[PDB]
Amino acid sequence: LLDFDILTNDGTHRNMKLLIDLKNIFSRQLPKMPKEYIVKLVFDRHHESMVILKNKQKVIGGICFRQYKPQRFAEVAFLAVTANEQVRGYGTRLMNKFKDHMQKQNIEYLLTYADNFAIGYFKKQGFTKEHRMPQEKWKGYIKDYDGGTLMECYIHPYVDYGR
């Protein structure tokens, strides 16, 4: 059983529990990223998280992002699937579900400092190292991750990414 949900730091036990479990997966799958730093972003009022759920409560993966509506782009802060569930197509399904939602939120671009060890995954998701969207849009807005490479993905406006 695999579902999806978009979580917000709204102060309820329900979202909090899901968010905490997602945060734990990020730090495990991202040893070098300080948990304190992960917590700072995941629980920040401007960040939302979409998670992959099993049996509607077990978090096996997710994507934490910040939508910049005026510029029509979304910064992907963290992305991960728990080790034991990786390489099964869940990361691809999560991204397609994320693209679908961004498309409905009027977001045209996705930016992210992709982990040097996962650039291959992002390329397979349509991200490129080439900057195409006006750079003044993101410069000074997105966080720079040390061991990451800036990558971007254009959201096709009317294609069906999932449903």
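All residue numbers are counted from 1 along the displayed sequence.
Mean temperature factor over C-alpha atoms, higher-scoring stretch between 41-49 and 27-35: Taking the mean C-alpha B-factor of 41-49 and of 27-35, the larger value falls to 27-35.
Average Cα temperature factor in the PDB entry - higher stretch of 57-65, 109-117: The stretch with the larger average C-alpha B-factor is 109-117.
If you check the C-alpha B-factor for each of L19, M151, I155, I142 in the entry, which is highest? Top of the list by C-alpha B-factor: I142.
Where the record places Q135 (Cα B-factor, split into thirds across the chain): According to the entry, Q135 has a C-alpha B-factor in the chain's highest third.
Thinking about Cα B factors across the chain, which third does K123 belong to? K123: CA B-factor falls in the middle third of its chain.
Which third, lowest, middle or highest, does the CA B-factor of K129 fall in along this chain? For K129, whose C-alpha B-factor we compare with every modelled residue in the chain, the answer is the highest third.
Comparing against every modelled residue in the chain, figure out the third that the C-alpha B-factor of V87 lands in (lowest, middle or highest). Within its chain, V87 is a highest-third residue by C-alpha B-factor, going by the deposited values.
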